[PDB]
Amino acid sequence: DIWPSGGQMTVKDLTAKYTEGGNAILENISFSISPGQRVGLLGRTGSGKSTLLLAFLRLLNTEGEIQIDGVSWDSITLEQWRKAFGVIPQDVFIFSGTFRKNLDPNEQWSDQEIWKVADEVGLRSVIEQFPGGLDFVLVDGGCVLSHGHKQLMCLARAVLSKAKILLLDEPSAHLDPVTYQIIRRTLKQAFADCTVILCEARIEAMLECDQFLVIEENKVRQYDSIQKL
């Protein structure tokens, strides 16, 4: 009895735009996703791959209904909706606090449960080099941390918040290969039964997906197999 529970996603007549009365990048988009399913979102450049991820996070002017595990996005807080998602890549917002608060903002885990997730995402050697380890306060954003380590923190932060839908926007080209490998390893351990929406521009970068979505013109066509995509 928790939310999000499985990662089932249902989109119905979704229309996204960047300004009030602007051009509809996506119009009347509707599909559905099974819990824990690896979904590949295919689309050429400028087709609207990034726009669909921004529409999921209510970061644009969106009309239509999206629901996760039966819970509509009109039925919870905006902050509680985005917490169900894990977003990579992104401009990582580092809290003005310790490594612990940045990894466990809600203070729901012990330092043993945090260090184990930190070891999986490859942040073990990055935290141990600071005096106090998890108690090292991160100030001025996270300037002491690399850009790739910030995304590992965002990845580890998503695991500790128990997100069920992981959004990946062209990780094969817009992430360091080391970072992509660590995420793919997380998808077989902590994120083993979580929904992953893989957005790429070439089919070769989304072979391991069970289902596929193609952004043809301003529509989204659905395919349940790679055979004749």
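In case it trips you up, residue 1 is the first one in the sequence shown, and so on.
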| query | finding |
| --- | --- |
| Per the entry, higher mean C-alpha B factor between 15-23 and 202-210 | 15-23 |
| Comparing 24-32 with 166-174, the one whose average Cα B-factor in the PDB entry is higher | 24-32 |
| Top Cα B factor in the deposited entry, candidates 42, 59, 52, 190 | 190 |
| Selection from 151, 129, 72, 98 [criterion: highest C-alpha temperature factor in the record] | 129 |
| Within-chain third of residue 123 by Cα B-factor, per the entry | middle |
| Chain-wide C-alpha B factor ranking for residue 113, given as lowest, middle or highest third | highest |
| Entry-reported Cα temperature factor of residue 196, expressed as the chain third it lands in | lowest |
| Chain-relative CA temperature factor third for residue 181 | middle |
| Third of chain Cα B-factors occupied by residue 6 | highest |
